[PDB]
$ cat entry18.txt   # compact mmCIF, C-alpha atoms and all ligand atoms
# COMPACT_ATOMS: atom_id res chain seq x y z
CA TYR W 264 -33.84 15.60 -2.31
CA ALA W 265 -30.23 16.59 -2.98
CA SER W 266 -28.69 19.47 -1.05
CA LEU W 267 -26.08 22.14 -1.81
CA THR W 268 -23.23 20.14 -0.14
CA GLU W 269 -24.38 16.95 -1.91
CA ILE W 270 -24.48 18.73 -5.30
CA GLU W 271 -21.12 20.48 -4.72
CA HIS W 272 -19.71 17.15 -3.63
CA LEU W 273 -20.97 15.63 -6.90
CA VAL W 274 -19.41 18.45 -8.99
CA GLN W 275 -16.06 17.86 -7.26
CA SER W 276 -16.22 14.09 -7.65
CA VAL W 277 -16.92 14.25 -11.43
CA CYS W 278 -14.16 16.81 -11.88
CA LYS W 279 -11.65 14.67 -9.94
CA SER W 280 -12.57 11.51 -11.80
CA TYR W 281 -11.88 13.17 -15.16
CA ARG W 282 -8.54 14.48 -13.92
CA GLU W 283 -7.42 11.02 -12.85
CA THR W 284 -8.71 9.41 -16.03
CA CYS W 285 -8.06 12.22 -18.52
CA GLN W 286 -5.16 10.30 -20.11
CA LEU W 287 -3.61 13.32 -21.80
CA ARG W 288 -3.12 16.28 -19.47
CA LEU W 289 -4.21 19.66 -20.93
CA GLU W 290 -1.00 21.47 -19.98
CA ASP W 291 1.05 18.84 -21.85
CA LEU W 292 -1.24 19.09 -24.92
CA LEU W 293 -0.88 22.92 -25.00
CA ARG W 294 2.91 22.73 -24.37
CA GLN W 295 3.18 20.35 -27.40
CA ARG W 296 1.47 22.76 -29.88
CA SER W 297 4.79 24.14 -30.93
CA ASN W 298 5.96 20.56 -31.78
CA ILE W 299 4.67 20.03 -35.34
CA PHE W 300 5.42 17.14 -37.79
CA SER W 301 8.04 17.95 -40.57
CA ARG W 302 7.15 17.45 -44.29
CA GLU W 303 9.13 14.15 -44.28
CA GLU W 304 7.21 12.89 -41.23
CA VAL W 305 3.86 13.73 -42.90
CA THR W 306 5.05 11.92 -46.05
CA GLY W 307 6.00 8.97 -43.85
CA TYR W 308 2.43 8.71 -42.50
CA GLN W 309 0.91 9.23 -45.97
CA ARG W 310 3.02 6.38 -47.38
CA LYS W 311 1.74 3.85 -44.78
CA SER W 312 -0.87 1.27 -45.66
CA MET W 313 -4.44 1.97 -44.76
CA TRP W 314 -4.10 -1.20 -42.66
CA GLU W 315 -1.23 0.28 -40.59
CA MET W 316 -3.04 3.56 -40.01
CA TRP W 317 -6.24 1.73 -39.01
CA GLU W 318 -4.25 -0.44 -36.55
CA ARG W 319 -2.67 2.67 -35.04
CA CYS W 320 -5.91 4.62 -34.95
CA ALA W 321 -7.71 1.62 -33.46
CA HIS W 322 -5.05 1.21 -30.73
CA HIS W 323 -5.48 4.85 -29.73
CA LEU W 324 -9.26 4.48 -29.89
CA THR W 325 -9.30 1.39 -27.67
CA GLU W 326 -6.96 3.01 -25.15
CA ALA W 327 -9.20 6.10 -24.99
CA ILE W 328 -12.34 3.96 -24.46
CA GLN W 329 -10.63 2.22 -21.46
CA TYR W 330 -10.08 5.64 -19.90
CA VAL W 331 -13.75 6.39 -20.53
CA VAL W 332 -14.79 3.13 -18.82
CA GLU W 333 -12.63 4.10 -15.83
CA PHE W 334 -14.15 7.60 -15.71
CA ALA W 335 -17.55 5.97 -15.50
CA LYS W 336 -16.49 3.53 -12.74
CA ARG W 337 -15.52 6.55 -10.57
CA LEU W 338 -18.84 8.46 -11.05
CA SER W 339 -20.65 8.01 -7.74
CA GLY W 340 -23.78 6.25 -8.99
CA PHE W 341 -22.51 4.26 -11.90
CA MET W 342 -21.29 1.19 -9.91
CA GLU W 343 -24.59 1.07 -8.02
CA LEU W 344 -26.33 0.50 -11.38
CA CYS W 345 -26.97 -3.03 -12.70
CA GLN W 346 -24.42 -4.41 -15.27
CA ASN W 347 -26.83 -4.57 -18.15
CA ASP W 348 -27.25 -0.80 -17.59
CA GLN W 349 -23.50 -0.11 -17.17
CA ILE W 350 -23.03 -1.89 -20.54
CA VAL W 351 -25.87 -0.10 -22.40
CA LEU W 352 -24.60 3.34 -21.38
CA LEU W 353 -20.95 2.68 -22.15
CA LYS W 354 -21.82 0.95 -25.49
CA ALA W 355 -23.98 3.88 -26.59
CA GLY W 356 -21.89 6.67 -25.01
CA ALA W 357 -18.19 5.83 -24.82
CA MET W 358 -17.30 6.82 -28.38
CA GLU W 359 -19.36 10.02 -28.10
CA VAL W 360 -17.24 10.87 -24.98
CA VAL W 361 -13.90 10.22 -26.73
CA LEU W 362 -15.05 12.62 -29.48
CA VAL W 363 -15.64 15.43 -26.93
CA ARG W 364 -12.39 14.60 -25.09
CA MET W 365 -10.55 14.68 -28.46
CA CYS W 366 -11.30 18.46 -28.77
CA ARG W 367 -8.56 19.21 -26.22
CA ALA W 368 -6.03 17.77 -28.70
CA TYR W 369 -7.15 20.13 -31.57
CA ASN W 370 -5.37 23.40 -32.25
CA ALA W 371 -7.59 26.00 -33.96
CA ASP W 372 -4.68 28.41 -34.64
CA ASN W 373 -3.24 26.08 -37.35
CA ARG W 374 -5.87 23.32 -37.78
CA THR W 375 -3.69 20.59 -36.34
CA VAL W 376 -4.29 17.62 -34.06
CA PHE W 377 -2.07 15.81 -31.62
CA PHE W 378 -1.19 12.35 -32.96
CA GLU W 379 1.66 10.09 -31.76
CA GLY W 380 3.75 12.80 -30.10
CA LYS W 381 3.39 15.83 -32.35
CA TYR W 382 0.78 17.97 -34.13
CA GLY W 383 -0.23 17.88 -37.77
CA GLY W 384 -3.33 18.39 -39.89
CA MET W 385 -5.68 16.26 -41.96
CA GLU W 386 -3.02 15.42 -44.49
CA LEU W 387 -1.51 12.94 -41.99
CA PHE W 388 -4.41 10.57 -42.39
CA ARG W 389 -4.55 10.46 -46.25
CA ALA W 390 -3.81 6.70 -46.30
CA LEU W 391 -7.12 5.96 -44.59
CA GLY W 392 -9.11 7.30 -47.62
CA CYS W 393 -11.81 8.68 -45.30
CA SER W 394 -11.34 12.38 -46.05
CA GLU W 395 -14.96 13.04 -45.10
CA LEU W 396 -14.86 11.33 -41.66
CA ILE W 397 -11.61 13.12 -40.80
CA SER W 398 -13.19 16.37 -42.04
CA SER W 399 -16.20 16.03 -39.71
CA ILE W 400 -13.90 15.23 -36.74
CA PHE W 401 -11.82 18.34 -37.60
CA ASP W 402 -14.92 20.55 -38.02
CA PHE W 403 -16.58 19.27 -34.89
CA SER W 404 -13.28 19.73 -33.04
CA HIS W 405 -13.00 23.25 -34.37
CA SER W 406 -16.57 23.99 -33.29
CA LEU W 407 -16.02 22.73 -29.64
CA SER W 408 -12.59 24.36 -29.46
CA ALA W 409 -14.12 27.79 -30.16
CA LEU W 410 -15.86 27.51 -26.77
CA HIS W 411 -12.62 27.02 -24.70
CA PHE W 412 -14.13 24.34 -22.49
CA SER W 413 -12.47 24.03 -19.11
CA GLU W 414 -11.49 20.64 -17.70
CA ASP W 415 -14.47 20.72 -15.38
CA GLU W 416 -16.96 21.57 -18.20
CA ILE W 417 -15.52 18.62 -20.13
CA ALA W 418 -15.88 16.41 -16.96
CA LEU W 419 -19.41 17.43 -16.40
CA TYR W 420 -20.69 17.47 -20.02
CA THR W 421 -18.97 14.13 -20.65
CA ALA W 422 -20.74 12.63 -17.66
CA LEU W 423 -24.11 13.64 -19.20
CA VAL W 424 -23.18 12.06 -22.53
CA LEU W 425 -22.84 8.77 -20.63
CA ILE W 426 -25.55 9.00 -17.94
CA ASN W 427 -28.54 9.31 -20.39
CA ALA W 428 -31.90 7.68 -19.48
CA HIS W 429 -33.22 7.69 -23.10
CA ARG W 430 -30.80 4.92 -24.22
CA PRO W 431 -32.88 1.91 -25.44
CA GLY W 432 -32.43 -1.29 -23.38
CA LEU W 433 -32.10 -0.08 -19.77
CA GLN W 434 -33.68 -2.24 -17.03
CA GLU W 435 -33.51 0.32 -14.16
CA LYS W 436 -34.44 3.44 -16.26
CA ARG W 437 -35.55 5.27 -13.08
CA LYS W 438 -32.11 4.84 -11.37
CA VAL W 439 -30.46 6.29 -14.51
CA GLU W 440 -32.96 9.22 -14.55
CA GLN W 441 -32.19 9.98 -10.90
CA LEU W 442 -28.48 9.97 -11.74
CA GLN W 443 -28.85 12.12 -14.88
CA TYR W 444 -30.98 14.68 -13.04
CA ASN W 445 -28.27 14.97 -10.37
CA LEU W 446 -25.56 15.38 -12.97
CA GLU W 447 -27.70 18.07 -14.60
CA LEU W 448 -27.91 19.92 -11.31
CA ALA W 449 -24.13 19.49 -10.88
CA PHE W 450 -23.42 20.84 -14.33
CA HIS W 451 -25.93 23.75 -14.12
CA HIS W 452 -24.85 24.74 -10.57
CA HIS W 453 -21.18 24.70 -11.60
CA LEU W 454 -21.98 26.72 -14.69
CA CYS W 455 -23.62 29.36 -12.45
CA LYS W 456 -20.67 29.34 -10.02
CA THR W 457 -18.24 29.80 -12.90
CA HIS W 458 -20.24 32.49 -14.77
CA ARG W 459 -20.34 30.00 -17.72
CA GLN W 460 -24.06 29.84 -18.49
CA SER W 461 -23.42 31.01 -22.03
CA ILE W 462 -22.15 27.62 -23.20
CA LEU W 463 -25.39 25.71 -23.01
CA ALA W 464 -26.99 27.32 -26.07
CA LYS W 465 -23.68 26.53 -27.89
CA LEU W 466 -23.21 22.84 -26.94
CA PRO W 467 -23.53 20.60 -30.06
CA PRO W 468 -26.98 19.01 -30.54
CA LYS W 469 -27.51 15.58 -29.06
CA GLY W 470 -27.83 14.11 -32.51
CA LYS W 471 -24.55 15.56 -33.83
CA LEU W 472 -22.66 13.30 -31.39
CA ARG W 473 -24.84 10.25 -32.26
CA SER W 474 -24.88 11.01 -36.08
CA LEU W 475 -21.11 11.45 -36.35
CA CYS W 476 -20.43 8.44 -34.14
CA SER W 477 -22.67 6.43 -36.45
CA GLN W 478 -20.34 7.36 -39.31
CA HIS W 479 -17.36 6.05 -37.35
CA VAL W 480 -19.24 2.79 -36.83
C1 LIG Z 1 -8.36 8.50 -29.51
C2 LIG Z 1 -7.99 9.80 -30.16
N1 LIG Z 1 -6.76 9.66 -30.91
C3 LIG Z 1 -5.52 10.10 -30.51
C4 LIG Z 1 -5.24 10.84 -29.25
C5 LIG Z 1 -5.09 12.34 -29.32
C6 LIG Z 1 -6.29 12.99 -29.99
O1 LIG Z 1 -7.37 13.01 -29.41
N2 LIG Z 1 -6.03 13.54 -31.20
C7 LIG Z 1 -6.97 14.11 -32.07
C8 LIG Z 1 -7.80 15.12 -31.64
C9 LIG Z 1 -8.80 15.64 -32.47
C10 LIG Z 1 -8.94 15.17 -33.77
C11 LIG Z 1 -8.09 14.14 -34.24
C12 LIG Z 1 -8.22 13.65 -35.56
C13 LIG Z 1 -7.44 12.60 -36.04
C14 LIG Z 1 -6.47 12.03 -35.22
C15 LIG Z 1 -6.30 12.51 -33.93
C16 LIG Z 1 -7.10 13.57 -33.39
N3 LIG Z 1 -4.62 9.73 -31.38
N4 LIG Z 1 -5.23 9.09 -32.42
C17 LIG Z 1 -6.52 9.05 -32.12
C18 LIG Z 1 -7.49 8.36 -33.01
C19 LIG Z 1 -8.63 9.19 -33.58
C20 LIG Z 1 -9.27 8.50 -34.80
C21 LIG Z 1 -10.75 8.85 -35.01
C22 LIG Z 1 -11.30 7.94 -36.10
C23 LIG Z 1 -10.59 8.26 -37.39
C24 LIG Z 1 -9.09 8.10 -37.23
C25 LIG Z 1 -8.60 8.97 -36.08

$ encode --input "entry18.txt" --output "structure tokens"
Amino acid sequence: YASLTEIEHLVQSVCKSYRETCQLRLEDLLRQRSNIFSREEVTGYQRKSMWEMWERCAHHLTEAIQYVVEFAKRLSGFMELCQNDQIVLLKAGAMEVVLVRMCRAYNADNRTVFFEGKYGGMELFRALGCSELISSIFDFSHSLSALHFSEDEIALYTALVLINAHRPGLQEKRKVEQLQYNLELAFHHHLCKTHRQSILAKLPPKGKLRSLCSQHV
């Protein structure tokens, strides 16, 4: 049995872990919305080889996964788990977490994204020749953005993307279930405390993460 202090402690731990590991601070991201790539800078990015853009995008992707791994390591529970389990959850979840995190760097006012110090739109990534993939990411980002997720809602929802007992290949499934259940309490409690119950019915379906992430892979 988990008590009110223990649950409130959990909420606060997951929120603090995200803040430490967030990588890009929200205030900085919002401050930088005014800073938008010039036509010559967009052209510059368009002119680059697919290979250069993939190297850059991969660098950013790998960096953001490290910050996910860290976030996990600070969730009180995760280190107690066995390594096979740690690995299964991160392998299956880490990209799906980056995708949710990425929504903070999307601006719905002008359909731009933060990339390498300023904002621009889809056009930046033309060299990749993955218009469709970029379109999904920009739609999905637009759809999460509409909900104005707080830092703590991100923290908590992100933790549940990771700590999922249905992932094939877990050895201590029951330890993962106990952890997920507690994170579900943490999230649902915090939602009640914040008057934010409305979001649940609007969170993207569990497949849409998995589906889209499949496309990336
Ligand atoms: C690690 C995130 N990241 C960042 C960090 C800041 C961020 O999250 N920006 C974005 C926010 C929302 C949508 C975006 C769309 C395209 C590019 C950046 C987007 N910079 N590049 C990437 C790679 C993403 C990759 C995804 C796979 C296709 C190429 C872009």

$ residues_near_ligand --input "entry18.txt" --ligand "ligand LIG 1 (chain Z)" --cutoff "6 Å" --atoms "only C-alpha atoms and all ligand atoms" --output "list in words"
residues 320, 323, 324, 327, 365, 366, 368, 369, 376, 377, 378, 400 and 401 of chain W

$ closest_atom_pairs --input "entry18.txt" --of "stretch 354-381 of chain W" --to "stretch 297-317 of chain W" --cutoff "12 Å" --atoms "all atoms listed in the file" --output "Markdown table"
| residue | atom | partner | partner_atom | distance |
| --- | --- | --- | --- | --- |
| W:370 | CA | W:297 | CA | 10.3 |
| W:372 | CA | W:297 | CA | 11.0 |
| W:373 | CA | W:299 | CA | 10.2 |
| W:374 | CA | W:299 | CA | 11.3 |
| W:375 | CA | W:299 | CA | 8.4 |
| W:376 | CA | W:299 | CA | 9.4 |
| W:377 | CA | W:299 | CA | 8.8 |
| W:378 | CA | W:300 | CA | 9.5 |
| W:379 | CA | W:300 | CA | 10.0 |
| W:380 | CA | W:298 | CA | 8.2 |
| W:381 | CA | W:299 | CA | 5.3 |

$ closest_residue --input "entry18.txt" --among "W:348, W:333, W:318, W:415" --to "residue W:283" --atoms "all atoms listed in the file"
W:333

$ closest_residue --input "entry18.txt" --among "W:358, W:393, W:342, W:410" --to "residue W:438" --atoms "only C-alpha atoms"
W:342

$ atom_distance --input "entry18.txt" --atom1 "atom CA of residue W:284" --atom2 "atom CA of residue W:349"
17.6 Å

$ atom_distance --input "entry18.txt" --atom1 "atom CA of residue W:431" --atom2 "atom CA of residue W:469"
15.1 Å

$ atom_distance --input "entry18.txt" --atom1 "atom CA of residue W:384" --atom2 "atom CA of residue W:399"
13.1 Å

$ residues_around --input "entry18.txt" --residues "residue W:355" --least-positions-apart "3" --cutoff "8 Å" --atoms "only C-alpha atoms" --output "ChimeraX atom specification"
/W:351-352,358-359,425,430

$ residues_around --input "entry18.txt" --residues "residue W:385" --least-positions-apart "2" --cutoff "7 Å" --atoms "only C-alpha atoms" --output "list in words"
residues 387, 388 and 397 of chain W

$ write_last_selection --input "entry18.txt" --atoms "C-alpha atoms" --output "PDB file, in the coordinates of the input"
ATOM      1  CA  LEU W 387      -1.510  12.940 -41.990  1.00  0.00           C
ATOM      2  CA  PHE W 388      -4.410  10.570 -42.390  1.00  0.00           C
ATOM      3  CA  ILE W 397     -11.610  13.120 -40.800  1.00  0.00           C
TER       4      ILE W 397
END

$ closest_residue --input "entry18.txt" --among "W:367, W:398, W:343, W:330" --to "residue W:288" --atoms "all atoms listed in the file"
W:367

$ residues_near_point --input "entry18.txt" --point "(-19.6, 7.9, -8.7)" --cutoff "10 Å" --atoms "only C-alpha atoms" --output "MDAnalysis selection string"
chainID W and resid 273 276:277 280 334:343 442

$ closest_residue --input "entry18.txt" --among "W:386, W:290, W:395, W:447" --to "residue W:427" --atoms "only C-alpha atoms"
W:447

$ axis_aligned_box --input "entry18.txt" --around "stretch 466-478 of chain W" --padding-each-side "5 Å" --output "JSON"
{"center_x": -24.1, "center_y": 14.6, "center_z": -33.1, "size_x": 17.5, "size_y": 26.4, "size_z": 22.4}

$ residues_around --input "entry18.txt" --residues "residue W:371" --least-positions-apart "4" --cutoff "8 Å" --atoms "all atoms listed in the file" --output "compact mmCIF listing (two decimals) with C-alpha atoms, in the coordinates of the input"
# COMPACT_ATOMS: atom_id res chain seq x y z
CA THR W 375 -3.69 20.59 -36.34
CA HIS W 405 -13.00 23.25 -34.37
CA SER W 408 -12.59 24.36 -29.46
CA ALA W 409 -14.12 27.79 -30.16

$ closest_residue --input "entry18.txt" --among "W:266, W:295, W:406, W:443" --to "residue W:471" --atoms "all atoms listed in the file"
W:406

$ closest_residue --input "entry18.txt" --among "W:292, W:389, W:285, W:420" --to "residue W:448" --atoms "all atoms listed in the file"
W:420

$ residues_near_point --input "entry18.txt" --point "(-22.6, 21.3, -24.8)" --cutoff "10 Å" --atoms "all atoms listed in the file" --output "list in words"
residues 363, 407, 410, 412, 416, 417, 419, 420, 421, 423, 424, 462, 463, 464, 465, 466, 467, 468 and 469 of chain W

$ build_atoms --input "entry18.txt" --residues "stretch 325-359 of chain W" --atoms "N, CA and C atoms" --output "PDB file, in the frame of the given file"
ATOM      1  N   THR W 325      -9.054   2.373 -28.715  1.00  0.00           N
ATOM      2  CA  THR W 325      -9.300   1.390 -27.670  1.00  0.00           C
ATOM      3  C   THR W 325      -8.783   1.813 -26.304  1.00  0.00           C
ATOM      4  N   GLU W 326      -7.585   2.377 -26.312  1.00  0.00           N
ATOM      5  CA  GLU W 326      -6.960   3.010 -25.150  1.00  0.00           C
ATOM      6  C   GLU W 326      -7.869   4.090 -24.557  1.00  0.00           C
ATOM      7  N   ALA W 327      -8.410   4.954 -25.411  1.00  0.00           N
ATOM      8  CA  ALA W 327      -9.200   6.100 -24.990  1.00  0.00           C
ATOM      9  C   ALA W 327     -10.561   5.665 -24.450  1.00  0.00           C
ATOM     10  N   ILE W 328     -11.172   4.643 -25.047  1.00  0.00           N
ATOM     11  CA  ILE W 328     -12.340   3.960 -24.460  1.00  0.00           C
ATOM     12  C   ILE W 328     -12.102   3.379 -23.067  1.00  0.00           C
ATOM     13  N   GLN W 329     -10.940   2.786 -22.792  1.00  0.00           N
ATOM     14  CA  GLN W 329     -10.630   2.220 -21.460  1.00  0.00           C
ATOM     15  C   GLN W 329     -10.668   3.311 -20.406  1.00  0.00           C
ATOM     16  N   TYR W 330     -10.108   4.465 -20.760  1.00  0.00           N
ATOM     17  CA  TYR W 330     -10.080   5.640 -19.900  1.00  0.00           C
ATOM     18  C   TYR W 330     -11.459   6.255 -19.715  1.00  0.00           C
ATOM     19  N   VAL W 331     -12.331   6.114 -20.709  1.00  0.00           N
ATOM     20  CA  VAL W 331     -13.750   6.390 -20.530  1.00  0.00           C
ATOM     21  C   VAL W 331     -14.455   5.428 -19.568  1.00  0.00           C
ATOM     22  N   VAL W 332     -14.182   4.134 -19.693  1.00  0.00           N
ATOM     23  CA  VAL W 332     -14.790   3.130 -18.820  1.00  0.00           C
ATOM     24  C   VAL W 332     -14.431   3.433 -17.368  1.00  0.00           C
ATOM     25  N   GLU W 333     -13.145   3.612 -17.116  1.00  0.00           N
ATOM     26  CA  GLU W 333     -12.630   4.100 -15.830  1.00  0.00           C
ATOM     27  C   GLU W 333     -13.277   5.347 -15.187  1.00  0.00           C
ATOM     28  N   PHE W 334     -13.452   6.364 -16.018  1.00  0.00           N
ATOM     29  CA  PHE W 334     -14.150   7.600 -15.710  1.00  0.00           C
ATOM     30  C   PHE W 334     -15.542   7.311 -15.229  1.00  0.00           C
ATOM     31  N   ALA W 335     -16.246   6.453 -15.951  1.00  0.00           N
ATOM     32  CA  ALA W 335     -17.550   5.970 -15.500  1.00  0.00           C
ATOM     33  C   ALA W 335     -17.567   5.238 -14.169  1.00  0.00           C
ATOM     34  N   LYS W 336     -16.652   4.290 -13.983  1.00  0.00           N
ATOM     35  CA  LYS W 336     -16.490   3.530 -12.740  1.00  0.00           C
ATOM     36  C   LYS W 336     -16.269   4.379 -11.463  1.00  0.00           C
ATOM     37  N   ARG W 337     -15.733   5.586 -11.651  1.00  0.00           N
ATOM     38  CA  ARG W 337     -15.520   6.550 -10.570  1.00  0.00           C
ATOM     39  C   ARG W 337     -16.643   7.586 -10.349  1.00  0.00           C
ATOM     40  N   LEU W 338     -17.621   7.649 -11.249  1.00  0.00           N
ATOM     41  CA  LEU W 338     -18.840   8.460 -11.050  1.00  0.00           C
ATOM     42  C   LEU W 338     -19.758   7.804 -10.031  1.00  0.00           C
ATOM     43  N   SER W 339     -19.939   8.523  -8.920  1.00  0.00           N
ATOM     44  CA  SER W 339     -20.650   8.010  -7.740  1.00  0.00           C
ATOM     45  C   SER W 339     -22.113   7.880  -8.159  1.00  0.00           C
ATOM     46  N   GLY W 340     -22.536   6.625  -8.315  1.00  0.00           N
ATOM     47  CA  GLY W 340     -23.780   6.250  -8.990  1.00  0.00           C
ATOM     48  C   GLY W 340     -23.643   5.083  -9.940  1.00  0.00           C
ATOM     49  N   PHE W 341     -22.616   5.160 -10.778  1.00  0.00           N
ATOM     50  CA  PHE W 341     -22.510   4.260 -11.900  1.00  0.00           C
ATOM     51  C   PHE W 341     -22.344   2.788 -11.486  1.00  0.00           C
ATOM     52  N   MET W 342     -21.505   2.544 -10.478  1.00  0.00           N
ATOM     53  CA  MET W 342     -21.290   1.190  -9.910  1.00  0.00           C
ATOM     54  C   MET W 342     -22.502   0.592  -9.205  1.00  0.00           C
ATOM     55  N   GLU W 343     -23.314   1.456  -8.611  1.00  0.00           N
ATOM     56  CA  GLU W 343     -24.590   1.070  -8.020  1.00  0.00           C
ATOM     57  C   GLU W 343     -25.520   0.485  -9.083  1.00  0.00           C
ATOM     58  N   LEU W 344     -25.483   1.025 -10.299  1.00  0.00           N
ATOM     59  CA  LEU W 344     -26.330   0.500 -11.380  1.00  0.00           C
ATOM     60  C   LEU W 344     -26.091  -0.986 -11.636  1.00  0.00           C
ATOM     61  N   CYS W 345     -27.080  -1.623 -12.263  1.00  0.00           N
ATOM     62  CA  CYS W 345     -26.970  -3.030 -12.700  1.00  0.00           C
ATOM     63  C   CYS W 345     -26.032  -3.203 -13.882  1.00  0.00           C
ATOM     64  N   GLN W 346     -25.357  -4.317 -14.153  1.00  0.00           N
ATOM     65  CA  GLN W 346     -24.420  -4.410 -15.270  1.00  0.00           C
ATOM     66  C   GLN W 346     -25.068  -4.260 -16.650  1.00  0.00           C
ATOM     67  N   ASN W 347     -26.224  -4.885 -16.846  1.00  0.00           N
ATOM     68  CA  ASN W 347     -26.830  -4.570 -18.150  1.00  0.00           C
ATOM     69  C   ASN W 347     -26.786  -3.062 -18.441  1.00  0.00           C
ATOM     70  N   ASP W 348     -27.189  -2.260 -17.456  1.00  0.00           N
ATOM     71  CA  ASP W 348     -27.250  -0.800 -17.590  1.00  0.00           C
ATOM     72  C   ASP W 348     -25.893  -0.107 -17.830  1.00  0.00           C
ATOM     73  N   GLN W 349     -24.904  -0.465 -17.010  1.00  0.00           N
ATOM     74  CA  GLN W 349     -23.500  -0.110 -17.170  1.00  0.00           C
ATOM     75  C   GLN W 349     -23.035  -0.310 -18.655  1.00  0.00           C
ATOM     76  N   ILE W 350     -23.399  -1.455 -19.212  1.00  0.00           N
ATOM     77  CA  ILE W 350     -23.030  -1.890 -20.540  1.00  0.00           C
ATOM     78  C   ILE W 350     -23.776  -1.068 -21.594  1.00  0.00           C
ATOM     79  N   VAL W 351     -25.074  -0.839 -21.409  1.00  0.00           N
ATOM     80  CA  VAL W 351     -25.870  -0.100 -22.400  1.00  0.00           C
ATOM     81  C   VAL W 351     -25.369   1.337 -22.582  1.00  0.00           C
ATOM     82  N   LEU W 352     -25.062   1.964 -21.448  1.00  0.00           N
ATOM     83  CA  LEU W 352     -24.600   3.340 -21.380  1.00  0.00           C
ATOM     84  C   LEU W 352     -23.206   3.560 -21.942  1.00  0.00           C
ATOM     85  N   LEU W 353     -22.277   2.691 -21.561  1.00  0.00           N
ATOM     86  CA  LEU W 353     -20.950   2.680 -22.150  1.00  0.00           C
ATOM     87  C   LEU W 353     -20.938   2.330 -23.636  1.00  0.00           C
ATOM     88  N   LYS W 354     -21.758   1.380 -24.083  1.00  0.00           N
ATOM     89  CA  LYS W 354     -21.820   0.950 -25.490  1.00  0.00           C
ATOM     90  C   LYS W 354     -22.285   2.120 -26.342  1.00  0.00           C
ATOM     91  N   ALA W 355     -23.358   2.759 -25.888  1.00  0.00           N
ATOM     92  CA  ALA W 355     -23.980   3.880 -26.590  1.00  0.00           C
ATOM     93  C   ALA W 355     -23.206   5.183 -26.482  1.00  0.00           C
ATOM     94  N   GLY W 356     -22.504   5.392 -25.366  1.00  0.00           N
ATOM     95  CA  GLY W 356     -21.890   6.670 -25.010  1.00  0.00           C
ATOM     96  C   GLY W 356     -20.418   6.831 -25.156  1.00  0.00           C
ATOM     97  N   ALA W 357     -19.645   5.745 -25.048  1.00  0.00           N
ATOM     98  CA  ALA W 357     -18.190   5.830 -24.820  1.00  0.00           C
ATOM     99  C   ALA W 357     -17.452   6.526 -25.956  1.00  0.00           C
ATOM    100  N   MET W 358     -17.813   6.175 -27.186  1.00  0.00           N
ATOM    101  CA  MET W 358     -17.300   6.820 -28.380  1.00  0.00           C
ATOM    102  C   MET W 358     -17.681   8.296 -28.470  1.00  0.00           C
ATOM    103  N   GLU W 359     -18.910   8.623 -28.103  1.00  0.00           N
ATOM    104  CA  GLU W 359     -19.360  10.020 -28.100  1.00  0.00           C
ATOM    105  C   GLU W 359     -18.536  10.855 -27.079  1.00  0.00           C
TER     106      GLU W 359
END
